[PDB]
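>
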Amino acid sequence: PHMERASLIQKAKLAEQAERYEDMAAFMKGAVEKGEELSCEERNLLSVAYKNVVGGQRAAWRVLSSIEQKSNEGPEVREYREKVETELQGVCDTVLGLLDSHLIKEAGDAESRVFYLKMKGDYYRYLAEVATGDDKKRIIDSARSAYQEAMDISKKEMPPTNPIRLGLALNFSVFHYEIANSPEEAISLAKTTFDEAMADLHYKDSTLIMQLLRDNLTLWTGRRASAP
Amino acid sequence: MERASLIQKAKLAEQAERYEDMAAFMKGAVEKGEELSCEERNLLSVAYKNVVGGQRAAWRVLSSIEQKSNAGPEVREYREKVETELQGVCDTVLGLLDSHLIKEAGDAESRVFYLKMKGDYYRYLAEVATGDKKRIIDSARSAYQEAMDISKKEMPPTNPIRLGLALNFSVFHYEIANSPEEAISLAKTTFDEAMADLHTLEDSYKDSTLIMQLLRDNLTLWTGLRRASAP
């Protein structure tokens, strides 16, 4: 079983080098299901895999949704957009299932707890991107609680230059602007995060997030970025 | 009707870069029977070219790692998984060409396109095959050679399907049949003959010049980083 777990993680690393993210996701899912807590590295494999999988589906959904909107003045677009929507929901539910049933409960330290709660907020946010019904409100609130719980921990346990916190703030400020429709909160959070991280420097990818905040702020004052 | 919707969805999947879906839709549309127009053949080929392209690239990466490790059995196992998947896609494409497209192809242009495709997909099987390999190599050779005979008789030396065919047949000679002289010969000849007959070059000048650029690249590589084949 740990013998197996090791092979699944090795195959997940191979799948990353071969850019076979659906396979990578499957291997990491299986490895998480062996029980063992994921390390610094192993966690990033999990997130990379699902980020790329869902990223492609989201991009496709946006393209199709955009075409469906231009045609308002062909039933195939709606049907195919629904197919992509369904697939994407399945992946988000899979990720949310792992986070709730395995990863968040088993996360001992604050770093990993932040990491998983940010992930939780992200995947509820991606469902909210397509969400339709009374369910949308629940999804939005489940996303809010996850990011807010993560914000409370990160403010108490991490410096303003930490990339999980910087990256969390980024994604929570995107949620505020797009999902919750609170562009003031969004801008506020992004400006505060940047300014607090700027005093003082100086852990390599932190600069990339800061570059993305600068970009979002310039955009929102006059496609928005989200953390990788 | 259903055919029209499948083709419309194949065009949507192209715009959304969902090539596995695109392939599935074009497969279904071919299975409605109707012959493919010029636009439709390109959708079919784009879809499967991208699908198989990703699997081949992954196979190369894994095969390269498997070679550097000589243990770790996971690389072999996962390379075999990718190999199996890849074979499934090639068999699917060859099944379509043999059972539906080549028999139903009336004109020479479409016949050459499908025979080149046939050669291409037997060549991708040959890239991974072991020992069946001889039959595969020969099935690939016959398809390309039949396509070459028709193209020389029916198409100008600047036609992009003819140039593409020659480029891929020369890659077949260099990599698969292990005939670098034939490969270089065919590539040089194809380039020089297209160059001489430029007065017969209209609307496909992007596709043709691109393939001529790839012939020059391969010639520069083979005389003295990764080799090019037609998209």
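Listed in order, the protein sequences are those of chains B and A.
Under PDB author numbering, the residues of the first sequence are numbered -1 to 71, 78 to 206, 213 to 232, 237 to 242, in order.
Under PDB author numbering, the residues of the second sequence are numbered 1 to 70, 77 to 137, 139 to 208, 210 to 232, 236 to 242, in order.
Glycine included, every Cβ here is placed at the ideal spot set by N, Cα and C.
List the residues of chain B whose Cβ lies closer than 7 Å to the Cβ of residue 61 of chain A, in chain order.
Within chain B, the residues near residue 61 of chain A are 15 and 16.
> Under 9 Å between C-beta atoms, does residue 133 of chain B make it to chain A?
False, the Cβ-Cβ gap to chain A never drops below 9 Å.
> Name, please, each residue of chain A whose Cβ falls closer than 8 Å to the Cβ of residue 19 of chain B.
Per Cβ cutoff of 8 Å: no residues; residue 19 of chain B is ~11 Å from chain A at best.
> Round the Cβ separation of residue 235 of chain A and residue 201 of chain A to the nearest angstrom and send it over; I've been treating them as touching at under 8 Å.
Between 232 and 236, chain A has no modelled residues, which means residue 235 of chain A does not appear in the coordinates.
> Out of A:39, A:190 and A:56, which one is the CA nearest neighbour of residue 115 of chain A?
It is A:39.
> Which runs of the alpha helix (DSSP H) at least 4 residues long sit entirely within the region 98 to 167 of chain B? Give them in chain order.
Listed in chain order, they are 114 to 134 and 138 to 161.
> Does residue 8 of chain B come within less than 9 Å of chain A when only Cβ atoms are used?
With 9 Å as the cut-off, residue 8 of chain B counts as an interface residue toward chain A.
> Express the C-alpha separation of residue 185 of chain B and residue 88 of chain B in angstroms, rounding to a whole number.
Whole-angstrom Cα-Cα distance: 25 Å.
> Reducing DSSP to helix, strand and coil, say where residue 68 of chain B ends up.
Of the three classes helix, strand and coil, the one that applies to residue 68 of chain B here is helix, per DSSP.
> For residue 222 of chain B and residue 197 of chain B, which I take to be in contact (beta-carbon distance under 8 Å), what is that distance rounded to the nearest angstrom?
So it is not a contact: roughly 11 Å between Cβ atoms.
> Look at the alpha carbon of residue 142 of chain A and the alpha carbon of residue 128 of chain A, and state the distance between them as a whole number of angstroms.
Between residue 142 of chain A and residue 128 of chain A, the C-alpha separation is close to 10 Å.
> Apart from the five residues just before and just after residue 13 of chain A, which ones in its own chain have a Cβ nearer than 8 Å to its Cβ?
So the qualifying residues of the chain are 19, 21, 22, 25 and 47.
> Confirm, please, whether the CB-CB distance from residue 65 of chain A to residue 81 of chain A is below 9 Å.
Their beta carbons are under 9 Å apart, which means residue 81 of chain A touches residue 65 of chain A by this criterion.
> Is there a C-beta anywhere in chain B that falls below 9 Å from the one on residue 48 of chain A?
Answer no: the Cβ-Cβ gap between residue 48 of chain A and chain B never drops below 9 Å.
> Between residue 114 of chain A and chain B, is there a C-beta pair that is closer than 9 Å?
No, because no Cβ of chain B sits closer than 9 Å to the Cβ of residue 114 of chain A.
> Any beta carbon of chain A sitting closer than 9 Å to that of residue 29 of chain B?
Taking Cβ atoms only, chain A never reaches closer than 9 Å to residue 29 of chain B, which makes this a no.
> Which residues in the same chain have their Cβ closer than 8 Å to the Cβ of residue 56 of chain B, if we skip the five residues on either side of it in sequence?
Excluding sequence neighbours, residue 56 of chain B sits near 92, 130 and 133.
> Is it buried or exposed for residue 224 of chain B, if we count other Cβ within 10 angstroms and need 16 for buried?
Burial call: exposed.
> Return no unless some Cβ of chain B is closer than 9 Å to the Cβ of residue 95 of chain A.
No, its Cβ sits nowhere closer than 9 Å to a Cβ of chain B.
> Indicate whether residue 144 of chain B and residue 135 of chain B have their beta-carbon atoms separated by less than 9 Å.
Going by C-beta atoms, residue 144 of chain B is nearer than 9 Å to residue 135 of chain B.
> Within 10 Å of its beta-carbon, does residue 124 of chain A have 16 or more other beta-carbons around it, so buried, or fewer, so exposed?
It is buried - the Cβ of residue 124 of chain A has at least 16 other Cβ atoms within 10 Å.
> I need the straight-line Cα distance from residue 28 of chain A to residue 28 of chain B, nearest angstrom please.
Cα to Cα, the separation comes out at about 33 Å.
> Helix, strand or coil: how does DSSP classify residue 242 of chain B here?
Residue 242 of chain B falls in the coil class under three-state DSSP.
> Which chain A residues sit within Cβ distance under 8 Å of residue 43 of chain B?
Going along chain A, no residue has its Cβ under 8 Å from residue 43 of chain B, so there is no contact; the nearest lies around 14 Å.
> At a Cβ threshold of 9 Å, is residue 37 of chain A touching chain B?
Output row for residue 37 of chain A: interface = no.
> Between which residues of its own chain and residue 174 of chain A is the CB-CB distance below 8 Å, once the five residues before and five after are set aside?
The answer, listed in chain order, is 194, 197, 219, 222, 223, 226, 239, 240 and 241.
> Check each candidate in B:216, B:126 and B:162 and name the one with the smallest Cα separation from residue 97 of chain B.
The option with the nearest alpha carbon to residue 97 of chain B is B:126.
> Residue 49 of chain B: buried (16+ other C-beta within 10 angstroms of its C-beta) or exposed?
Classification of residue 49 of chain B: buried, given that the 10 Å Cβ count is 16 or more.
> How about residue 178 of chain A and residue 15 of chain B: are their beta carbons less than 9 Å apart?
Cβ distance not < 9 Å, so residue 178 of chain A and residue 15 of chain B don't count as in contact.
> Could you tell me which of A:121, A:161, A:37 and A:228 sits nearest to residue 103 of chain A, measuring between CA atoms?
When each option's Cα is compared against that of residue 103 of chain A, the closest is A:121.
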